[PDB]
Amino acid sequence: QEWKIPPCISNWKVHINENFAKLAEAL
Amino acid sequence: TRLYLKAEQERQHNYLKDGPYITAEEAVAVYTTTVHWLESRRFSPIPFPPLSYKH
Amino acid sequence: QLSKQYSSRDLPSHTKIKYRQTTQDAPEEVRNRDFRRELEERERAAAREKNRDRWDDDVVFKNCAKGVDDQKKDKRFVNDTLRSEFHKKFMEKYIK
Amino acid sequence: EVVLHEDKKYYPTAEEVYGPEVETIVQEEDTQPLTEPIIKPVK
Amino acid sequence: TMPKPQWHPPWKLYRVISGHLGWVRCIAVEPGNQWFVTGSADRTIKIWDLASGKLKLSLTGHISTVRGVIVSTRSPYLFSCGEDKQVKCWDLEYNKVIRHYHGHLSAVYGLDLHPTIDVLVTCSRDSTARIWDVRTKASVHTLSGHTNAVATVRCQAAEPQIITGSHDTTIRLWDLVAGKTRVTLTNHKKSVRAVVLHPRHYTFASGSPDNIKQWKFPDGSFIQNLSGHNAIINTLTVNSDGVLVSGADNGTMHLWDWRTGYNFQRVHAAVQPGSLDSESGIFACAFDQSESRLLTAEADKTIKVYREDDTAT
């Protein structure tokens, strides 16, 4: 079962920092 | 082209992850300085173009 | 069944075999040598060599360039093609 | 604290990963520029 | 075991040399411990000072990945072979190629020199191996036989002069003058990638992903089976001290007592500063002439030098 291989069917063939808050509120 | 766009996507992603590099107090220094300049220069702001504008 | 066809490449060239000579490093010398001693002493010598070798009253900003001593980014070798410092330099140079 | 993308380390120092006992040296370029012979002839 | 047999000192990593841009696939050492050479995907052959580890000389001329490198003992030559198809003879007197041996149909994986006769033996993906007359650049013999790519070939003076193995998992022993097989061993289940001949005993060893077998000479009676470390193993190499080293694609390296299969040490080595964890494992490795240094060629584009630890016990 382990060596079942997903078929390679072809398609051819995010986080953010909180420093932005401190900056923006500062300005 | 492909390399450049790769390192580009890198730099954008690192600018979001690592946050703004300008820090804060620096940015305030810039904004303030510019304010003083435009102050002593009597610069009036540029308004929005009106509907009736002869030019 | 061998063809009478030929080719330019095939023709004689370097028909003589350069045997190693005695000062080049014939096998005779090699058999006799104590490599380990030689290797150690050379190493030691190398090490020794290395050792021998070594107003404006108004501004926004106080000095940014305080402790900024380059950093060993060009001493690091990186086995990753897009994050090698060579690649960065290349990318920097040729795109605008 | 903040690091500009100008620097921003990825990967530890070369030396650190291997440990102190081994010597890690990066040879680039070379020496004994080519007109030199490896194996020098007899005279 | 015989009696908790042959105590050998551990090895430590001594030095790491960067400076290839591709995978280093091959290391050879010069007859006088002066300089050791490396073949790479970079397409260069580099020669390095054994002692200092500084780079002496970069050669260019292969079109594709250099896979195999030999420094002749009795003549001032390199031989190299590549994925290109081309086997070249460099005259180290001028650092240029003087001859080229033409005729394999695909990549040449491997090559070796007869120690006394002056004939060169090469392995290729095209399932043959060739015996080349160095002097005339001539296919003395073509060794048909295996059904897949021949991987590693070794050459010896005595009986079965040519020892070879392939990805079809079977070893053939080739009788040089006939260019025919004397012995077929079929005891590996997966591809044989490496073989090595023991300096004094008149025995030989072969490595596969599954395990490592020693053999009697001639005719390859079975002798032992070293089991332990399971990876696709690319390198087997042996000191006169009976130290057998196994490299592997997963980075691992193990040291063995030739006699007993006692695996005294396991070395798993850090990948290079950049790199990726997956680009680990040693393509090949060798021993200076003094048996005091072990050199490895790694996919992280480095050369590592190991030194036997002096405090040890």
# chains A, B, ... in the order shown; residues from 1 in each chain; ligands from 1
call {"tool": "closest_atom_pairs", "arguments": {"of": "chain B", "to": "chain A", "cutoff": "10 Å", "atoms": "only C-alpha atoms", "output": "Markdown table"}}
result
| residue | atom | partner | partner_atom | distance |
| --- | --- | --- | --- | --- |
| B:13 | CA | A:14 | CA | 8.7 |
| B:14 | CA | A:16 | CA | 9.9 |
| B:15 | CA | A:17 | CA | 9.2 |
| B:16 | CA | A:16 | CA | 5.6 |
| B:17 | CA | A:16 | CA | 5.6 |
| B:18 | CA | A:17 | CA | 6.5 |
| B:19 | CA | A:17 | CA | 5.4 |
| B:20 | CA | A:20 | CA | 6.4 |
| B:21 | CA | A:19 | CA | 9.5 |
| B:22 | CA | A:23 | CA | 8.7 |
| B:23 | CA | A:23 | CA | 7.0 |
| B:24 | CA | A:23 | CA | 5.3 |
| B:25 | CA | A:26 | CA | 8.2 |
| B:27 | CA | A:27 | CA | 7.5 |
| B:28 | CA | A:27 | CA | 6.4 |
| B:31 | CA | A:27 | CA | 8.1 |
| B:32 | CA | A:27 | CA | 10.0 |
call {"tool": "residues_around", "arguments": {"residues": "residue 17 in chain C", "least_positions_apart": "2", "cutoff": "10 Å", "atoms": "only C-alpha atoms", "output": "PyMOL selection string"}}
result
(chain C and resi 14-15+19-20) or (chain E and resi 75-76+118+134-136)
call {"tool": "residues_around", "arguments": {"residues": "residue 23 in chain D", "least_positions_apart": "2", "cutoff": "6 Å", "atoms": "only C-alpha atoms", "output": "JSON, numbers by chain"}}
result
{"E": [14, 15, 16]}
call {"tool": "closest_atom_pairs", "arguments": {"of": "chain C", "to": "chain D", "cutoff": "10 Å", "atoms": "only C-alpha atoms", "output": "Markdown table"}}
result
| residue | atom | partner | partner_atom | distance |
| --- | --- | --- | --- | --- |
| C:20 | CA | D:41 | CA | 8.5 |
| C:21 | CA | D:42 | CA | 6.5 |
| C:22 | CA | D:42 | CA | 7.4 |
| C:23 | CA | D:42 | CA | 5.8 |
| C:24 | CA | D:39 | CA | 5.1 |
| C:25 | CA | D:39 | CA | 7.2 |
| C:70 | CA | D:7 | CA | 9.8 |
| C:71 | CA | D:7 | CA | 8.9 |
| C:72 | CA | D:13 | CA | 8.2 |
| C:73 | CA | D:7 | CA | 8.4 |
| C:75 | CA | D:26 | CA | 7.3 |
| C:76 | CA | D:14 | CA | 5.7 |
| C:77 | CA | D:26 | CA | 7.2 |
| C:78 | CA | D:11 | CA | 8.3 |
| C:83 | CA | D:10 | CA | 8.4 |
call {"tool": "write_last_selection", "arguments": {"atoms": "N, CA and C atoms", "output": "PDB file, in the first residue's frame"}}
result
ATOM      1  N   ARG C  20      56.587   7.246 -17.628  1.00  0.00           N
ATOM      2  CA  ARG C  20      57.007   8.127 -16.577  1.00  0.00           C
ATOM      3  C   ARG C  20      58.516   7.916 -16.381  1.00  0.00           C
ATOM      4  N   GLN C  21      59.217   9.009 -16.089  1.00  0.00           N
ATOM      5  CA  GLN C  21      60.618   8.958 -15.744  1.00  0.00           C
ATOM      6  C   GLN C  21      60.777   9.061 -14.259  1.00  0.00           C
ATOM      7  N   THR C  22      62.037   8.947 -13.876  1.00  0.00           N
ATOM      8  CA  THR C  22      62.441   8.866 -12.500  1.00  0.00           C
ATOM      9  C   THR C  22      62.139  10.118 -11.677  1.00  0.00           C
ATOM     10  N   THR C  23      62.246  11.282 -12.285  1.00  0.00           N
ATOM     11  CA  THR C  23      61.962  12.482 -11.534  1.00  0.00           C
ATOM     12  C   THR C  23      60.531  12.897 -11.726  1.00  0.00           C
ATOM     13  N   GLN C  24      59.863  12.342 -12.752  1.00  0.00           N
ATOM     14  CA  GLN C  24      58.421  12.581 -12.982  1.00  0.00           C
ATOM     15  C   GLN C  24      57.597  11.885 -11.934  1.00  0.00           C
ATOM     16  N   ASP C  25      57.878  10.593 -11.744  1.00  0.00           N
ATOM     17  CA  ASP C  25      57.570   9.849 -10.497  1.00  0.00           C
ATOM     18  C   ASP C  25      57.288   8.416 -10.864  1.00  0.00           C
ATOM     19  N   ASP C  70      31.073  43.714   7.002  1.00  0.00           N
ATOM     20  CA  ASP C  70      30.918  42.878   5.766  1.00  0.00           C
ATOM     21  C   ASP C  70      30.131  41.564   5.913  1.00  0.00           C
ATOM     22  N   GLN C  71      30.634  40.717   6.809  1.00  0.00           N
ATOM     23  CA  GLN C  71      30.113  39.389   7.120  1.00  0.00           C
ATOM     24  C   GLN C  71      30.594  38.359   6.115  1.00  0.00           C
ATOM     25  N   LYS C  72      30.701  37.134   6.619  1.00  0.00           N
ATOM     26  CA  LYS C  72      31.249  36.018   5.872  1.00  0.00           C
ATOM     27  C   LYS C  72      30.297  35.410   4.833  1.00  0.00           C
ATOM     28  N   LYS C  73      29.448  36.210   4.180  1.00  0.00           N
ATOM     29  CA  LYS C  73      28.502  35.663   3.199  1.00  0.00           C
ATOM     30  C   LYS C  73      29.238  35.133   1.978  1.00  0.00           C
ATOM     31  N   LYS C  75      32.179  33.781   2.199  1.00  0.00           N
ATOM     32  CA  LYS C  75      33.017  32.691   2.678  1.00  0.00           C
ATOM     33  C   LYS C  75      32.201  31.413   2.751  1.00  0.00           C
ATOM     34  N   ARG C  76      30.936  31.535   3.163  1.00  0.00           N
ATOM     35  CA  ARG C  76      29.947  30.473   3.006  1.00  0.00           C
ATOM     36  C   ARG C  76      29.849  30.045   1.558  1.00  0.00           C
ATOM     37  N   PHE C  77      29.943  28.734   1.332  1.00  0.00           N
ATOM     38  CA  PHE C  77      29.584  28.147   0.072  1.00  0.00           C
ATOM     39  C   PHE C  77      28.251  27.507   0.297  1.00  0.00           C
ATOM     40  N   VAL C  78      27.345  27.695  -0.634  1.00  0.00           N
ATOM     41  CA  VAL C  78      26.029  27.143  -0.448  1.00  0.00           C
ATOM     42  C   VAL C  78      25.671  26.164  -1.562  1.00  0.00           C
ATOM     43  N   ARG C  83      20.349  30.229  -3.973  1.00  0.00           N
ATOM     44  CA  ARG C  83      20.764  30.998  -2.803  1.00  0.00           C
ATOM     45  C   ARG C  83      22.274  31.074  -2.597  1.00  0.00           C
TER      46      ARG C  83
END
call {"tool": "select_by_dssp", "arguments": {"residues": "chain C", "states": "helix (DSSP H, G or I)", "output": "PDB file with N, CA and C atoms, in the first residue's frame"}}
result
ATOM      1  N   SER C   8      38.890  10.210 -40.833  1.00  0.00           N
ATOM      2  CA  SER C   8      39.949  11.122 -40.426  1.00  0.00           C
ATOM      3  C   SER C   8      40.465  10.954 -39.018  1.00  0.00           C
ATOM      4  N   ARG C   9      39.523  10.785 -38.102  1.00  0.00           N
ATOM      5  CA  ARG C   9      39.846  10.727 -36.690  1.00  0.00           C
ATOM      6  C   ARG C   9      40.792   9.567 -36.447  1.00  0.00           C
ATOM      7  N   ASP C  10      40.532   8.466 -37.136  1.00  0.00           N
ATOM      8  CA  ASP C  10      41.093   7.185 -36.774  1.00  0.00           C
ATOM      9  C   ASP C  10      42.596   7.111 -36.961  1.00  0.00           C
ATOM     10  N   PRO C  27      57.241   4.444 -10.656  1.00  0.00           N
ATOM     11  CA  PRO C  27      56.689   3.524  -9.632  1.00  0.00           C
ATOM     12  C   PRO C  27      57.731   2.963  -8.638  1.00  0.00           C
ATOM     13  N   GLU C  28      58.969   2.918  -9.119  1.00  0.00           N
ATOM     14  CA  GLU C  28      60.096   2.450  -8.344  1.00  0.00           C
ATOM     15  C   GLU C  28      60.285   3.298  -7.104  1.00  0.00           C
ATOM     16  N   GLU C  29      60.172   4.609  -7.288  1.00  0.00           N
ATOM     17  CA  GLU C  29      60.367   5.577  -6.218  1.00  0.00           C
ATOM     18  C   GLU C  29      59.198   5.355  -5.220  1.00  0.00           C
ATOM     19  N   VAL C  30      58.021   5.234  -5.826  1.00  0.00           N
ATOM     20  CA  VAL C  30      56.764   5.213  -5.081  1.00  0.00           C
ATOM     21  C   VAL C  30      56.743   4.059  -4.110  1.00  0.00           C
ATOM     22  N   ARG C  31      57.184   2.892  -4.603  1.00  0.00           N
ATOM     23  CA  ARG C  31      57.216   1.675  -3.794  1.00  0.00           C
ATOM     24  C   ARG C  31      58.094   1.886  -2.560  1.00  0.00           C
ATOM     25  N   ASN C  32      59.256   2.512  -2.790  1.00  0.00           N
ATOM     26  CA  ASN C  32      60.177   2.760  -1.687  1.00  0.00           C
ATOM     27  C   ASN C  32      59.779   3.818  -0.660  1.00  0.00           C
ATOM     28  N   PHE C  35      55.203   7.455   2.562  1.00  0.00           N
ATOM     29  CA  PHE C  35      54.324   8.525   2.221  1.00  0.00           C
ATOM     30  C   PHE C  35      53.882   9.286   3.473  1.00  0.00           C
ATOM     31  N   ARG C  36      53.587   8.520   4.538  1.00  0.00           N
ATOM     32  CA  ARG C  36      52.940   9.063   5.720  1.00  0.00           C
ATOM     33  C   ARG C  36      53.799  10.163   6.327  1.00  0.00           C
ATOM     34  N   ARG C  37      55.104   9.937   6.389  1.00  0.00           N
ATOM     35  CA  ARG C  37      55.998  10.930   6.958  1.00  0.00           C
ATOM     36  C   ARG C  37      55.976  12.204   6.103  1.00  0.00           C
ATOM     37  N   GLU C  38      56.081  11.981   4.795  1.00  0.00           N
ATOM     38  CA  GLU C  38      56.117  13.068   3.815  1.00  0.00           C
ATOM     39  C   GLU C  38      54.828  13.901   3.925  1.00  0.00           C
ATOM     40  N   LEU C  39      53.711  13.178   4.008  1.00  0.00           N
ATOM     41  CA  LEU C  39      52.405  13.834   4.069  1.00  0.00           C
ATOM     42  C   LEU C  39      52.305  14.644   5.349  1.00  0.00           C
ATOM     43  N   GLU C  40      52.806  14.110   6.451  1.00  0.00           N
ATOM     44  CA  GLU C  40      52.730  14.818   7.719  1.00  0.00           C
ATOM     45  C   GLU C  40      53.585  16.101   7.630  1.00  0.00           C
ATOM     46  N   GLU C  41      54.810  15.963   7.186  1.00  0.00           N
ATOM     47  CA  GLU C  41      55.721  17.090   7.219  1.00  0.00           C
ATOM     48  C   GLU C  41      55.259  18.207   6.311  1.00  0.00           C
ATOM     49  N   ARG C  42      54.740  17.831   5.141  1.00  0.00           N
ATOM     50  CA  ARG C  42      54.176  18.817   4.204  1.00  0.00           C
ATOM     51  C   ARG C  42      53.033  19.583   4.866  1.00  0.00           C
ATOM     52  N   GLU C  43      52.186  18.830   5.536  1.00  0.00           N
ATOM     53  CA  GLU C  43      51.012  19.359   6.232  1.00  0.00           C
ATOM     54  C   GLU C  43      51.448  20.395   7.266  1.00  0.00           C
ATOM     55  N   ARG C  44      52.460  20.000   8.030  1.00  0.00           N
ATOM     56  CA  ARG C  44      53.010  20.849   9.098  1.00  0.00           C
ATOM     57  C   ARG C  44      53.520  22.158   8.502  1.00  0.00           C
ATOM     58  N   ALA C  45      54.246  22.019   7.393  1.00  0.00           N
ATOM     59  CA  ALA C  45      54.817  23.158   6.680  1.00  0.00           C
ATOM     60  C   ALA C  45      53.716  24.125   6.258  1.00  0.00           C
ATOM     61  N   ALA C  46      52.663  23.545   5.703  1.00  0.00           N
ATOM     62  CA  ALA C  46      51.498  24.299   5.225  1.00  0.00           C
ATOM     63  C   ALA C  46      50.889  25.099   6.374  1.00  0.00           C
ATOM     64  N   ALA C  47      50.736  24.408   7.499  1.00  0.00           N
ATOM     65  CA  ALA C  47      50.159  24.998   8.708  1.00  0.00           C
ATOM     66  C   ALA C  47      51.002  26.205   9.150  1.00  0.00           C
ATOM     67  N   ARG C  48      52.309  25.995   9.145  1.00  0.00           N
ATOM     68  CA  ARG C  48      53.250  27.035   9.549  1.00  0.00           C
ATOM     69  C   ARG C  48      53.128  28.251   8.647  1.00  0.00           C
ATOM     70  N   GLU C  49      53.028  27.983   7.352  1.00  0.00           N
ATOM     71  CA  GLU C  49      52.870  29.024   6.332  1.00  0.00           C
ATOM     72  C   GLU C  49      51.618  29.850   6.616  1.00  0.00           C
ATOM     73  N   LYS C  50      50.541  29.127   6.901  1.00  0.00           N
ATOM     74  CA  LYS C  50      49.241  29.732   7.203  1.00  0.00           C
ATOM     75  C   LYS C  50      49.361  30.663   8.402  1.00  0.00           C
ATOM     76  N   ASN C  51      50.033  30.152   9.427  1.00  0.00           N
ATOM     77  CA  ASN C  51      50.255  30.888  10.674  1.00  0.00           C
ATOM     78  C   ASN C  51      51.000  32.191  10.385  1.00  0.00           C
ATOM     79  N   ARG C  52      52.041  32.061   9.572  1.00  0.00           N
ATOM     80  CA  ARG C  52      52.882  33.194   9.180  1.00  0.00           C
ATOM     81  C   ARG C  52      52.039  34.259   8.488  1.00  0.00           C
ATOM     82  N   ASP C  53      51.199  33.786   7.572  1.00  0.00           N
ATOM     83  CA  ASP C  53      50.298  34.651   6.803  1.00  0.00           C
ATOM     84  C   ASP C  53      49.383  35.427   7.752  1.00  0.00           C
ATOM     85  N   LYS C  72      30.701  37.134   6.619  1.00  0.00           N
ATOM     86  CA  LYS C  72      31.249  36.018   5.872  1.00  0.00           C
ATOM     87  C   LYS C  72      30.297  35.410   4.833  1.00  0.00           C
ATOM     88  N   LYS C  73      29.448  36.210   4.180  1.00  0.00           N
ATOM     89  CA  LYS C  73      28.502  35.663   3.199  1.00  0.00           C
ATOM     90  C   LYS C  73      29.238  35.133   1.978  1.00  0.00           C
ATOM     91  N   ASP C  74      30.370  35.745   1.629  1.00  0.00           N
ATOM     92  CA  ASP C  74      31.197  35.261   0.513  1.00  0.00           C
ATOM     93  C   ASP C  74      32.223  34.192   0.935  1.00  0.00           C
ATOM     94  N   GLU C  85      25.742  32.793  -3.173  1.00  0.00           N
ATOM     95  CA  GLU C  85      26.064  34.171  -3.292  1.00  0.00           C
ATOM     96  C   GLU C  85      26.463  34.469  -4.706  1.00  0.00           C
ATOM     97  N   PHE C  86      26.996  33.478  -5.425  1.00  0.00           N
ATOM     98  CA  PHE C  86      27.330  33.681  -6.835  1.00  0.00           C
ATOM     99  C   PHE C  86      26.074  34.059  -7.624  1.00  0.00           C
ATOM    100  N   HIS C  87      25.013  33.306  -7.360  1.00  0.00           N
ATOM    101  CA  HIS C  87      23.755  33.519  -8.062  1.00  0.00           C
ATOM    102  C   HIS C  87      23.213  34.887  -7.750  1.00  0.00           C
ATOM    103  N   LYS C  88      23.319  35.330  -6.495  1.00  0.00           N
ATOM    104  CA  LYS C  88      22.832  36.653  -6.134  1.00  0.00           C
ATOM    105  C   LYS C  88      23.520  37.738  -6.929  1.00  0.00           C
ATOM    106  N   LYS C  89      24.843  37.590  -6.993  1.00  0.00           N
ATOM    107  CA  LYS C  89      25.661  38.562  -7.720  1.00  0.00           C
ATOM    108  C   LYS C  89      25.273  38.571  -9.198  1.00  0.00           C
ATOM    109  N   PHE C  90      25.096  37.398  -9.743  1.00  0.00           N
ATOM    110  CA  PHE C  90      24.686  37.278 -11.149  1.00  0.00           C
ATOM    111  C   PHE C  90      23.348  37.910 -11.402  1.00  0.00           C
ATOM    112  N   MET C  91      22.405  37.602 -10.517  1.00  0.00           N
ATOM    113  CA  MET C  91      21.060  38.149 -10.608  1.00  0.00           C
ATOM    114  C   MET C  91      21.095  39.665 -10.457  1.00  0.00           C
ATOM    115  N   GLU C  92      21.931  40.145  -9.541  1.00  0.00           N
ATOM    116  CA  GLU C  92      22.069  41.596  -9.319  1.00  0.00           C
ATOM    117  C   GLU C  92      22.605  42.258 -10.570  1.00  0.00           C
ATOM    118  N   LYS C  93      23.598  41.636 -11.178  1.00  0.00           N
ATOM    119  CA  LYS C  93      24.274  42.299 -12.242  1.00  0.00           C
ATOM    120  C   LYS C  93      23.398  42.427 -13.473  1.00  0.00           C
ATOM    121  N   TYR C  94      22.823  41.327 -13.921  1.00  0.00           N
ATOM    122  CA  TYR C  94      22.200  41.322 -15.251  1.00  0.00           C
ATOM    123  C   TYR C  94      20.756  41.802 -15.384  1.00  0.00           C
TER     124      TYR C  94
END
call {"tool": "closest_atom_pairs", "arguments": {"of": "chain C", "to": "chain B", "cutoff": "8 Å", "atoms": "only C-alpha atoms", "output": "tab-separated table"}}
result
residue	atom	partner	partner_atom	distance
C:60	CA	B:29	CA	5.9
C:61	CA	B:26	CA	7.8
C:82	CA	B:7	CA	7.9
C:91	CA	B:4	CA	6.3
C:95	CA	B:4	CA	6.6
call {"tool": "write_last_selection", "arguments": {"atoms": "C-alpha atoms", "output": "PDB file, in the first residue's frame"}}
result
ATOM      1  CA  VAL C  60      17.786  62.363  10.730  1.00  0.00           C
ATOM      2  CA  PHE C  61      20.343  59.784  11.683  1.00  0.00           C
ATOM      3  CA  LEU C  82      19.321  30.008  -6.148  1.00  0.00           C
ATOM      4  CA  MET C  91      21.060  38.149 -10.608  1.00  0.00           C
ATOM      5  CA  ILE C  95      18.674  42.331 -14.390  1.00  0.00           C
TER       6      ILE C  95
END
call {"tool": "closest_residue", "arguments": {"among": "E:83, E:308, E:249, E:175", "to": "chain D", "atoms": "only C-alpha atoms"}}
result
E:308
call {"tool": "atom_distance", "arguments": {"atom1": "CA of residue 311 in chain E", "atom2": "CA of residue 281 in chain E"}}
result
27.5 Å
call {"tool": "residues_around", "arguments": {"residues": "residue 29 in chain D", "least_positions_apart": "2", "cutoff": "12 Å", "atoms": "only C-alpha atoms", "output": "JSON, numbers by chain"}}
result
{"D": [26, 27, 31, 32, 33, 34], "E": [18, 19, 20, 21, 46, 47, 48, 54, 55, 56, 57, 58, 59]}
call {"tool": "atom_distance", "arguments": {"atom1": "CA of residue 176 in chain E", "atom2": "CA of residue 152 in chain E"}}
result
16.4 Å
call {"tool": "interface_residues", "arguments": {"of": "chain D", "to": "chain B", "cutoff": "9 Å", "atoms": "only C-alpha atoms", "output": "list in words"}}
result
residues 1, 2, 3, 4 and 5 of chain D
call {"tool": "write_last_selection", "arguments": {"atoms": "N, CA, C and O atoms", "output": "compact mmCIF listing (two decimals), in the first residue's frame"}}
result
# COMPACT_ATOMS: atom_id res chain seq x y z
N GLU D 1 14.58 44.67 16.91
CA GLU D 1 15.46 43.96 15.93
C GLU D 1 14.78 43.83 14.56
O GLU D 1 13.55 43.81 14.45
N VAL D 2 15.61 43.77 13.51
CA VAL D 2 15.14 43.68 12.12
C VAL D 2 16.31 43.42 11.18
O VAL D 2 17.38 44.00 11.36
N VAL D 3 16.10 42.57 10.19
CA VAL D 3 17.14 42.33 9.21
C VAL D 3 16.62 42.64 7.83
O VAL D 3 15.61 42.10 7.40
N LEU D 4 17.35 43.51 7.14
CA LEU D 4 17.05 43.81 5.78
C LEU D 4 17.26 42.58 4.93
O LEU D 4 18.11 41.75 5.23
N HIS D 5 16.53 42.47 3.84
CA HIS D 5 16.78 41.40 2.89
C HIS D 5 18.19 41.49 2.27
O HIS D 5 18.64 40.54 1.63
call {"tool": "atom_distance", "arguments": {"atom1": "CA of residue 138 in chain E", "atom2": "CA of residue 206 in chain E"}}
result
29.3 Å
call {"tool": "interface_residues", "arguments": {"of": "chain E", "to": "chain C", "cutoff": "8 Å", "atoms": "only C-alpha atoms", "output": "list in words"}}
result
residues 18, 19, 31, 32, 33, 51, 52, 73, 74, 75, 76, 98, 99, 135, 136, 272, 273, 274, 275, 276, 289, 290, 291, 292, 300 and 301 of chain E
call {"tool": "write_last_selection", "arguments": {"atoms": "C-alpha atoms", "output": "PDB file, in the first residue's frame"}}
result
ATOM      1  CA  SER E  18      34.275  23.676  -1.218  1.00  0.00           C
ATOM      2  CA  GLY E  19      34.687  24.856  -4.807  1.00  0.00           C
ATOM      3  CA  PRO E  31      50.862   7.805  -7.105  1.00  0.00           C
ATOM      4  CA  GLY E  32      53.079  10.115  -4.959  1.00  0.00           C
ATOM      5  CA  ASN E  33      50.567  11.746  -2.593  1.00  0.00           C
ATOM      6  CA  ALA E  51      48.306  18.501   1.924  1.00  0.00           C
ATOM      7  CA  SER E  52      46.919  22.027   2.011  1.00  0.00           C
ATOM      8  CA  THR E  73      50.917   5.005 -12.422  1.00  0.00           C
ATOM      9  CA  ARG E  74      53.325   4.221 -15.158  1.00  0.00           C
ATOM     10  CA  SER E  75      52.600   7.183 -17.357  1.00  0.00           C
ATOM     11  CA  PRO E  76      51.763  10.771 -16.785  1.00  0.00           C
ATOM     12  CA  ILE E  98      46.246  13.879 -26.460  1.00  0.00           C
ATOM     13  CA  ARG E  99      43.903  11.069 -27.219  1.00  0.00           C
ATOM     14  CA  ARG E 135      48.508   3.246 -27.281  1.00  0.00           C
ATOM     15  CA  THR E 136      46.408   2.888 -30.445  1.00  0.00           C
ATOM     16  CA  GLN E 272      27.085  22.016   3.495  1.00  0.00           C
ATOM     17  CA  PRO E 273      26.209  25.459   4.631  1.00  0.00           C
ATOM     18  CA  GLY E 274      23.661  26.132   2.033  1.00  0.00           C
ATOM     19  CA  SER E 275      22.362  23.162   0.313  1.00  0.00           C
ATOM     20  CA  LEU E 276      19.433  21.061   1.208  1.00  0.00           C
ATOM     21  CA  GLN E 289      48.831   6.545  -0.644  1.00  0.00           C
ATOM     22  CA  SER E 290      49.707   6.519   3.079  1.00  0.00           C
ATOM     23  CA  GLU E 291      46.333   5.159   4.112  1.00  0.00           C
ATOM     24  CA  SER E 292      46.150   8.096   6.513  1.00  0.00           C
ATOM     25  CA  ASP E 300      26.662  18.898  -1.500  1.00  0.00           C
ATOM     26  CA  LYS E 301      29.502  19.888  -3.846  1.00  0.00           C
TER      27      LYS E 301
END
call {"tool": "residues_around", "arguments": {"residues": "residue 1 in chain E", "least_positions_apart": "2", "cutoff": "9 Å", "atoms": "only C-alpha atoms", "output": "list in words"}}
result
residues 3, 4, 5, 259, 260, 261 and 262 of chain E
call {"tool": "residues_around", "arguments": {"residues": "range 119-121 of chain E", "least_positions_apart": "5", "cutoff": "6 Å", "atoms": "only C-alpha atoms", "output": "ChimeraX atom specification"}}
result
/E:111-114,130-134
call {"tool": "write_last_selection", "arguments": {"atoms": "N, CA and C atoms", "output": "tab-separated table (two decimals), in the first residue's frame"}}
result
chain	number	residue	atom	x	y	z
E	111	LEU	N	35.78	3.46	-15.42
E	111	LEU	CA	37.01	3.08	-16.13
E	111	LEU	C	38.16	2.75	-15.20
E	112	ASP	N	39.07	1.96	-15.73
E	112	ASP	CA	40.20	1.57	-14.95
E	112	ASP	C	41.34	1.09	-15.81
E	113	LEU	N	42.55	1.15	-15.25
E	113	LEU	CA	43.75	0.78	-15.96
E	113	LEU	C	44.29	-0.55	-15.54
E	114	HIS	N	44.69	-1.39	-16.50
E	114	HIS	CA	45.46	-2.56	-16.13
E	114	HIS	C	46.77	-2.05	-15.58
E	130	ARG	N	34.47	-2.12	-22.39
E	130	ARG	CA	35.42	-2.20	-23.47
E	130	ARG	C	36.79	-2.26	-22.91
E	131	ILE	N	37.62	-2.90	-23.69
E	131	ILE	CA	39.02	-2.98	-23.42
E	131	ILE	C	39.67	-2.24	-24.56
E	132	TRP	N	40.40	-1.22	-24.18
E	132	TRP	CA	40.91	-0.26	-25.08
E	132	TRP	C	42.41	-0.33	-25.06
E	133	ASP	N	43.05	-0.38	-26.21
E	133	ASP	CA	44.50	-0.30	-26.22
E	133	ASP	C	44.92	1.12	-26.13
E	134	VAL	N	45.48	1.49	-24.99
E	134	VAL	CA	45.81	2.88	-24.74
E	134	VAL	C	46.65	3.53	-25.80
call {"tool": "select_by_dssp", "arguments": {"residues": "chain D", "states": "strand (DSSP E)", "output": "PDB file with N, CA, C and O atoms, in the first residue's frame"}}
result
ATOM      1  N   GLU D  23      38.511  20.884   9.707  1.00  0.00           N
ATOM      2  CA  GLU D  23      38.828  22.062   8.963  1.00  0.00           C
ATOM      3  C   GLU D  23      38.031  22.156   7.653  1.00  0.00           C
ATOM      4  O   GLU D  23      38.024  21.245   6.795  1.00  0.00           O
ATOM      5  N   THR D  24      37.298  23.251   7.515  1.00  0.00           N
ATOM      6  CA  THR D  24      36.546  23.474   6.296  1.00  0.00           C
ATOM      7  C   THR D  24      37.140  24.657   5.568  1.00  0.00           C
ATOM      8  O   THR D  24      37.193  25.765   6.095  1.00  0.00           O
ATOM      9  N   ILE D  25      37.587  24.411   4.347  1.00  0.00           N
ATOM     10  CA  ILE D  25      38.181  25.455   3.540  1.00  0.00           C
ATOM     11  C   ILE D  25      37.512  25.480   2.183  1.00  0.00           C
ATOM     12  O   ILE D  25      37.309  24.434   1.566  1.00  0.00           O
ATOM     13  N   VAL D  26      37.167  26.670   1.712  1.00  0.00           N
ATOM     14  CA  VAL D  26      36.610  26.771   0.382  1.00  0.00           C
ATOM     15  C   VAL D  26      37.698  27.180  -0.591  1.00  0.00           C
ATOM     16  O   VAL D  26      38.126  28.332  -0.627  1.00  0.00           O
TER      17      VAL D  26
END
call {"tool": "decode", "arguments": {"residues": "range 18-24 of chain B", "atoms": "C-alpha atoms", "output": "short mmCIF file (atom, residue, chain, number, x, y, z; two decimals), in the first residue's frame"}}
result
data_model
loop_
_atom_site.label_atom_id
_atom_site.label_comp_id
_atom_site.auth_asym_id
_atom_site.auth_seq_id
_atom_site.Cartn_x
_atom_site.Cartn_y
_atom_site.Cartn_z
CA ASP B 18 10.38 40.31 7.89
CA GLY B 19 8.20 43.41 7.99
CA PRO B 20 9.08 46.92 6.87
CA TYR B 21 12.80 47.57 6.98
CA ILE B 22 12.47 51.31 7.50
CA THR B 23 11.72 50.55 11.17
CA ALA B 24 9.57 53.33 12.67
#
